[PDB]
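Okay, so here's the structure we're looking at.
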Amino acid sequence: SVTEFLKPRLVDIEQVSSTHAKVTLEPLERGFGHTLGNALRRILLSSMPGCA
Amino acid sequence: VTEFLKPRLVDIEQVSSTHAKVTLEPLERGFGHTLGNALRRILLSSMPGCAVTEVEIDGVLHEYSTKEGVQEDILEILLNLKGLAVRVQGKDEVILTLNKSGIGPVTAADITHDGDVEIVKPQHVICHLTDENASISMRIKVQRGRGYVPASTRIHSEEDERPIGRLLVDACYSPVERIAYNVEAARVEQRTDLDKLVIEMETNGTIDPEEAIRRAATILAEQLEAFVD
Amino acid sequence: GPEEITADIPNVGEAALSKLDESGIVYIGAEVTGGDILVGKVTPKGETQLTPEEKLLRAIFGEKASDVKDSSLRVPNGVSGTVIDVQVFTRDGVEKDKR
Amino acid sequence: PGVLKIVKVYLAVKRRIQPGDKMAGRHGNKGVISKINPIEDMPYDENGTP
């Protein structure tokens, strides 16, 4: 993996209700979990298309 | 997509041989800086680079000493050679042999230069000896690594081996170690405003800026693939 | 009998002797991991009678006789690393000078 | 007289920092090493200097 490590396998997501949920990921690489989480947050916030 | 305006890497100017300034086409904000940061992380993280793995020097066998004509210590010579940089062929674990004698200045030319090994600074200092009778001759195995490792990390792997004479050291194995991700809003006139990104890579010369960038991006995409699941 | 460093530690692992130089001491610059034994002094131990059981033990294994208590120098706990050099001082009247 | 000979063996040990170290400064200021993250976590400068 040339430091490719691996990808979080376990992707269990716990949804308390239809309006609130929590998701957990398996082991991602050092900094990889954090960098990916920040990137996904910035994307899903800075870009979330829909109708309203 | 909705007029995604997919960018493209362009105007890739190699500022140096171990550095480059590569731009790309405009893209929507809120991710471009994030894309650059993620790319810098992945390339910095999964940085497979050719480094020095094991060493063997005739005069200096075990740990730390001084020999007539010698200048820098065993670890000091270790750093001095580490002062030079190594780029390997597709097969790693190459073995270099630095052997020389005389009174001239120390340069990287006087090493075992083969097809699987590239030497950049042929003016790297190796603590030129002061005695004509002194004759440096050290054979070192150089491997490609992806990340840093303790020197004690490889203790169990060679219990009987790595005896007095055989040398092993810690490493960082970060091919780039210098890359900044700057996002600037530019290069979008016809469509919606988008950010033009310029990447200033600075590596050790083991990998090309474009190839390493592509590798890091592929790794990032592969990781994002798991996010679907 | 004095504790002489000759790596002749009774009931000593082969690797333990594999590091000590013939002088009981070890080679120089050699690195020690864990509690490695460096200089094996042979402190004399007490003797016994015929002890036909111990006579048979000597006839089988032998070479120990419970006569040399092991005064070997082994590395301290939590101590492991490179031995830069060593120093040996012998009193007047003793000049083995192995190393 | 007790020892007909004496042998001193010298071993030298290297040392890198570890978690919880003791930083010092002639400005009196004292510091205890807390944590080191990936250089990604360090904020980037204008020149990108983390």
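Ordering of the structure tokens sets the chain letters (A, B, ...); residue numbers start at 1 within each chain; ligands are numbered from 1 in the order shown.
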**Which of chain C fall in alpha helix (DSSP H), as a list in words** = residues 14, 15, 16, 17, 18, 19, 52, 53, 54, 55, 56, 57, 58, 59 and 60 of chain C
Residue contacts of range 29-32 of chain D (12 Å, only C-alpha atoms) excluding same-chain residues fewer than 5 positions away, as a PDB file with N, CA, C and O atoms, in the first residue's frame:
ATOM      1  N   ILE D  17      13.320  12.078  22.212  1.00  0.00           N
ATOM      2  CA  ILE D  17      12.250  12.509  23.098  1.00  0.00           C
ATOM      3  C   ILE D  17      11.195  11.414  23.214  1.00  0.00           C
ATOM      4  O   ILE D  17      11.074  10.527  22.361  1.00  0.00           O
ATOM      5  N   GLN D  18      10.436  11.476  24.295  1.00  0.00           N
ATOM      6  CA  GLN D  18       9.387  10.506  24.559  1.00  0.00           C
ATOM      7  C   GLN D  18       8.150  11.255  25.024  1.00  0.00           C
ATOM      8  O   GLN D  18       8.221  12.462  25.283  1.00  0.00           O
ATOM      9  N   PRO D  19       7.006  10.596  25.127  1.00  0.00           N
ATOM     10  CA  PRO D  19       5.802  11.306  25.574  1.00  0.00           C
ATOM     11  C   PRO D  19       5.911  11.764  27.019  1.00  0.00           C
ATOM     12  O   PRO D  19       6.076  10.940  27.922  1.00  0.00           O
ATOM     13  N   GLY D  20       5.834  13.074  27.250  1.00  0.00           N
ATOM     14  CA  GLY D  20       5.841  13.596  28.605  1.00  0.00           C
ATOM     15  C   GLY D  20       7.140  14.244  29.046  1.00  0.00           C
ATOM     16  O   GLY D  20       7.408  14.361  30.245  1.00  0.00           O
ATOM     17  N   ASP D  21       7.941  14.688  28.084  1.00  0.00           N
ATOM     18  CA  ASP D  21       9.286  15.172  28.350  1.00  0.00           C
ATOM     19  C   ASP D  21       9.274  16.489  29.123  1.00  0.00           C
ATOM     20  O   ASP D  21       8.226  17.001  29.526  1.00  0.00           O
ATOM     21  N   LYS D  22      10.475  17.030  29.335  1.00  0.00           N
ATOM     22  CA  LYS D  22      10.690  18.227  30.146  1.00  0.00           C
ATOM     23  C   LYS D  22      11.391  19.287  29.307  1.00  0.00           C
ATOM     24  O   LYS D  22      12.623  19.315  29.229  1.00  0.00           O
ATOM     25  N   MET D  23      10.610  20.174  28.708  1.00  0.00           N
ATOM     26  CA  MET D  23      11.179  21.270  27.943  1.00  0.00           C
ATOM     27  C   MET D  23      11.691  22.342  28.889  1.00  0.00           C
ATOM     28  O   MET D  23      11.143  22.565  29.969  1.00  0.00           O
ATOM     29  N   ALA D  24      12.757  23.013  28.474  1.00  0.00           N
ATOM     30  CA  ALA D  24      13.358  24.029  29.316  1.00  0.00           C
ATOM     31  C   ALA D  24      13.627  25.270  28.487  1.00  0.00           C
ATOM     32  O   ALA D  24      13.830  25.192  27.275  1.00  0.00           O
TER      33      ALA D  24
END
**Prompt:** Taking only C-alpha atoms into account, which residues of chain B are within 7 Å of chain C, as a ChimeraX atom specification?
**Reply:** /B:62-64,164
**Fill in**
The distance between CA of residue 225 in chain B and CA of residue 183 in chain B is 24.2 Å
**Asked** Can you list, as a PyMOL selection string, every protein, DNA or RNA residue that comes within 10 Å of residue 42 in chain A when you count only C-alpha atoms, leaving out same-chain residues fewer than 6 positions away?
**Response** (chain A and resi 36) or (chain B and resi 29-35)
If you count only C-alpha atoms, which residues fall within 9 Å of residue 45 in chain B, apart from same-chain ones fewer than 6 positions away, as a compact mmCIF listing (two decimals) with N, CA, C and O atoms, in the first residue's frame?
# COMPACT_ATOMS: atom_id res chain seq x y z
N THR A 3 2.45 2.66 2.18
CA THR A 3 1.80 3.45 3.27
C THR A 3 0.32 3.58 2.89
O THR A 3 -0.34 4.49 3.40
N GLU A 4 -0.15 2.68 2.02
CA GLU A 4 -1.58 2.69 1.60
C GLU A 4 -2.43 2.17 2.76
O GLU A 4 -3.66 2.38 2.73
N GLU A 29 -6.19 5.19 8.57
CA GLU A 29 -4.79 5.44 8.87
C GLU A 29 -4.63 6.71 9.70
O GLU A 29 -5.51 7.57 9.73
N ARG A 30 -3.48 6.81 10.37
CA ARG A 30 -3.19 7.96 11.20
C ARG A 30 -3.29 9.23 10.38
O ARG A 30 -2.69 9.36 9.31
N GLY A 31 -4.07 10.19 10.89
CA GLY A 31 -4.42 11.37 10.14
C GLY A 31 -5.42 11.15 9.03
O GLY A 31 -6.16 12.09 8.69
N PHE A 32 -5.47 9.95 8.44
CA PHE A 32 -6.39 9.68 7.36
C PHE A 32 -7.84 9.78 7.80
O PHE A 32 -8.66 10.38 7.09
N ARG B 146 7.92 3.70 2.88
CA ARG B 146 6.75 4.56 2.79
C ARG B 146 6.60 5.48 3.99
O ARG B 146 6.01 6.55 3.86
N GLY B 147 7.11 5.08 5.14
CA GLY B 147 6.93 5.85 6.35
C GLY B 147 8.09 5.69 7.30
O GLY B 147 8.97 4.85 7.11
N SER B 174 9.75 9.47 3.73
CA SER B 174 8.75 10.41 3.24
C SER B 174 9.32 11.02 1.97
O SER B 174 10.22 11.87 2.02
N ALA B 216 -1.30 9.90 -4.93
CA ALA B 216 -2.03 10.36 -3.76
C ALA B 216 -3.51 10.54 -4.07
O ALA B 216 -4.37 10.19 -3.25
N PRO D 38 0.43 14.19 13.49
CA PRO D 38 0.98 14.26 12.14
C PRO D 38 1.13 15.71 11.73
O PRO D 38 0.30 16.56 12.06
**Asked** Using only C-alpha atoms, which residue out of B:178, B:187, B:87, B:166 lies closest to chain D?
**Response**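 Among B:178, B:187, B:87, B:166, it is B:178 that comes nearest to chain D.
Closest approach to residue 219 in chain B from the set B:15, B:155, B:86, B:47 is made by B:47, with distances taken over only C-alpha atoms.
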**Request:** Rank nothing, just name the residue among A:16, A:10, A:26, A:35 nearest to chain D, using only C-alpha atoms.
**Result:** A:35
**Request:** May I ask for the distance between CA of residue 25 in chain A and CA of residue 12 in chain A, given in Å to one decimal place?
**Result:** 6.7 Å
**Prompt:** Using the chain letters and numbers from this document, which residues of range 52-203 of chain B does DSSP assign to strand (DSSP E), as an MDAnalysis selection string?
**Reply:** chainID B and resid 52:57 86:88 94:101 117:119 135:145 166:168 178:185 195:202
So that I have them on file, write out the residues from the current selection with N, CA and C atoms, as a compact mmCIF listing (two decimals), in the first residue's frame.
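Ended up saving to part_1.txt:
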# COMPACT_ATOMS: atom_id res chain seq x y z
N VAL B 52 17.92 4.66 2.58
CA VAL B 52 18.97 3.74 2.97
C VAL B 52 18.41 2.80 4.03
N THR B 53 18.54 1.50 3.80
CA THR B 53 18.00 0.50 4.71
C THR B 53 19.05 -0.10 5.64
N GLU B 54 20.10 -0.70 5.08
CA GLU B 54 21.14 -1.32 5.87
C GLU B 54 22.50 -0.91 5.33
N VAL B 55 23.51 -0.97 6.20
CA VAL B 55 24.85 -0.52 5.87
C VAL B 55 25.86 -1.56 6.31
N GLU B 56 27.02 -1.53 5.66
CA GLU B 56 28.16 -2.31 6.09
C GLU B 56 29.42 -1.59 5.66
N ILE B 57 30.25 -1.24 6.65
CA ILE B 57 31.48 -0.50 6.41
C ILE B 57 32.61 -1.32 6.99
N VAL B 86 18.53 9.33 -2.10
CA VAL B 86 18.57 8.13 -2.92
C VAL B 86 17.23 7.94 -3.63
N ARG B 87 17.31 7.66 -4.93
CA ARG B 87 16.16 7.28 -5.73
C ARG B 87 16.44 5.93 -6.38
N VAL B 88 15.51 4.99 -6.21
CA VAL B 88 15.72 3.61 -6.65
C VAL B 88 14.90 3.35 -7.90
N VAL B 94 18.07 -2.01 -3.02
CA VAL B 94 19.33 -1.98 -3.75
C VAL B 94 20.45 -1.85 -2.74
N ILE B 95 21.67 -2.20 -3.14
CA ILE B 95 22.83 -2.12 -2.26
C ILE B 95 23.87 -1.22 -2.91
N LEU B 96 24.21 -0.13 -2.24
CA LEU B 96 25.25 0.78 -2.69
C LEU B 96 26.54 0.49 -1.94
N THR B 97 27.66 0.77 -2.58
CA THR B 97 28.97 0.54 -1.99
C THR B 97 29.79 1.81 -2.17
N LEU B 98 30.02 2.53 -1.07
CA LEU B 98 30.83 3.74 -1.09
C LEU B 98 32.26 3.36 -0.74
N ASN B 99 33.13 3.36 -1.74
CA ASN B 99 34.53 3.02 -1.54
C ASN B 99 35.42 4.06 -2.20
N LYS B 100 36.41 4.56 -1.46
CA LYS B 100 37.29 5.60 -1.97
C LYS B 100 38.53 5.70 -1.11
N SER B 101 39.57 6.34 -1.65
CA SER B 101 40.81 6.60 -0.94
C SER B 101 41.47 7.85 -1.50
N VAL B 117 19.77 2.44 -9.15
CA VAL B 117 20.00 3.49 -8.17
C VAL B 117 20.30 4.81 -8.87
N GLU B 118 19.68 5.90 -8.40
CA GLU B 118 19.94 7.23 -8.92
C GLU B 118 20.48 8.13 -7.81
N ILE B 119 21.55 8.86 -8.13
CA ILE B 119 22.18 9.80 -7.21
C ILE B 119 22.05 11.20 -7.79
N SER B 135 41.43 4.64 3.29
CA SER B 135 40.73 4.13 2.12
C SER B 135 39.32 3.73 2.56
N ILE B 136 38.36 4.59 2.29
CA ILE B 136 36.97 4.35 2.64
C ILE B 136 36.41 3.27 1.73
N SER B 137 35.62 2.37 2.30
CA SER B 137 34.93 1.34 1.53
C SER B 137 33.77 0.82 2.37
N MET B 138 32.57 1.31 2.10
CA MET B 138 31.37 0.88 2.80
C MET B 138 30.29 0.50 1.80
N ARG B 139 29.70 -0.68 2.00
CA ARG B 139 28.62 -1.18 1.16
C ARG B 139 27.32 -1.09 1.95
N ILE B 140 26.32 -0.44 1.37
CA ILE B 140 25.08 -0.13 2.06
C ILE B 140 23.91 -0.56 1.19
N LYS B 141 22.93 -1.22 1.81
CA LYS B 141 21.71 -1.60 1.11
C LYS B 141 20.66 -0.50 1.29
N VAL B 142 20.12 -0.01 0.17
CA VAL B 142 19.19 1.11 0.16
C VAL B 142 17.84 0.59 -0.32
N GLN B 143 16.79 0.86 0.44
CA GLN B 143 15.46 0.37 0.12
C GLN B 143 14.48 1.53 -0.03
N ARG B 144 13.34 1.24 -0.65
CA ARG B 144 12.25 2.20 -0.76
C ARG B 144 11.30 1.97 0.40
N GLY B 145 11.02 3.03 1.14
CA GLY B 145 10.11 2.91 2.26
C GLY B 145 8.99 3.92 2.14
N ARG B 166 27.25 -5.57 10.84
CA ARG B 166 26.02 -5.28 10.12
C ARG B 166 25.31 -4.11 10.80
N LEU B 167 24.88 -3.14 10.01
CA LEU B 167 24.33 -1.89 10.53
C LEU B 167 22.89 -1.69 10.07
N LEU B 168 22.04 -1.25 11.00
CA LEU B 168 20.65 -0.89 10.70
C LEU B 168 20.28 0.40 11.44
N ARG B 178 7.76 18.15 1.77
CA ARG B 178 7.53 19.58 1.64
C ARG B 178 6.51 19.86 0.54
N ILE B 179 5.27 20.13 0.93
CA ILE B 179 4.20 20.39 -0.03
C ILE B 179 3.12 21.23 0.64
N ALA B 180 2.71 22.31 -0.02
CA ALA B 180 1.72 23.23 0.51
C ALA B 180 0.52 23.27 -0.43
N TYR B 181 -0.68 23.30 0.15
CA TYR B 181 -1.93 23.28 -0.61
C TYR B 181 -2.61 24.63 -0.50
N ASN B 182 -2.45 25.47 -1.52
CA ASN B 182 -3.01 26.81 -1.54
C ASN B 182 -4.16 26.84 -2.53
N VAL B 183 -5.33 27.25 -2.07
CA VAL B 183 -6.53 27.34 -2.90
C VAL B 183 -6.80 28.81 -3.17
N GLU B 184 -6.89 29.17 -4.45
CA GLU B 184 -7.17 30.53 -4.88
C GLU B 184 -8.33 30.51 -5.87
N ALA B 185 -9.24 31.47 -5.71
CA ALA B 185 -10.42 31.58 -6.56
C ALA B 185 -9.98 32.23 -7.87
N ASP B 195 -12.43 28.02 -8.04
CA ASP B 195 -11.12 28.30 -7.46
C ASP B 195 -10.03 27.62 -8.28
N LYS B 196 -9.01 28.39 -8.67
CA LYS B 196 -7.85 27.84 -9.36
C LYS B 196 -6.75 27.52 -8.36
N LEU B 197 -6.33 26.26 -8.35
CA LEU B 197 -5.42 25.75 -7.34
C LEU B 197 -4.03 25.55 -7.93
N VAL B 198 -3.03 26.03 -7.20
CA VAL B 198 -1.63 25.86 -7.56
C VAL B 198 -0.95 25.07 -6.45
N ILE B 199 -0.23 24.02 -6.83
CA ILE B 199 0.42 23.12 -5.89
C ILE B 199 1.93 23.28 -6.05
N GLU B 200 2.61 23.60 -4.95
CA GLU B 200 4.07 23.74 -4.94
C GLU B 200 4.67 22.56 -4.20
N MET B 201 4.96 21.49 -4.94
CA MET B 201 5.56 20.31 -4.35
C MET B 201 7.05 20.54 -4.11
N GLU B 202 7.56 19.89 -3.08
CA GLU B 202 9.00 19.84 -2.84
C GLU B 202 9.31 18.49 -2.21
**Request:** Return the single residue from C:37, C:60, C:50, C:9 that is closest to chain D, with distances computed using only C-alpha atoms.
**Result:**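 Looking only at the distances to chain D, the closest residue turns out to be C:37.
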**Message:** Set the cut-off to 8 Å and count only C-alpha atoms: what are the residues of chain D that reach chain B? Output as a VMD selection string.
**Reply:** chain D and resid 40 44 47 to 49
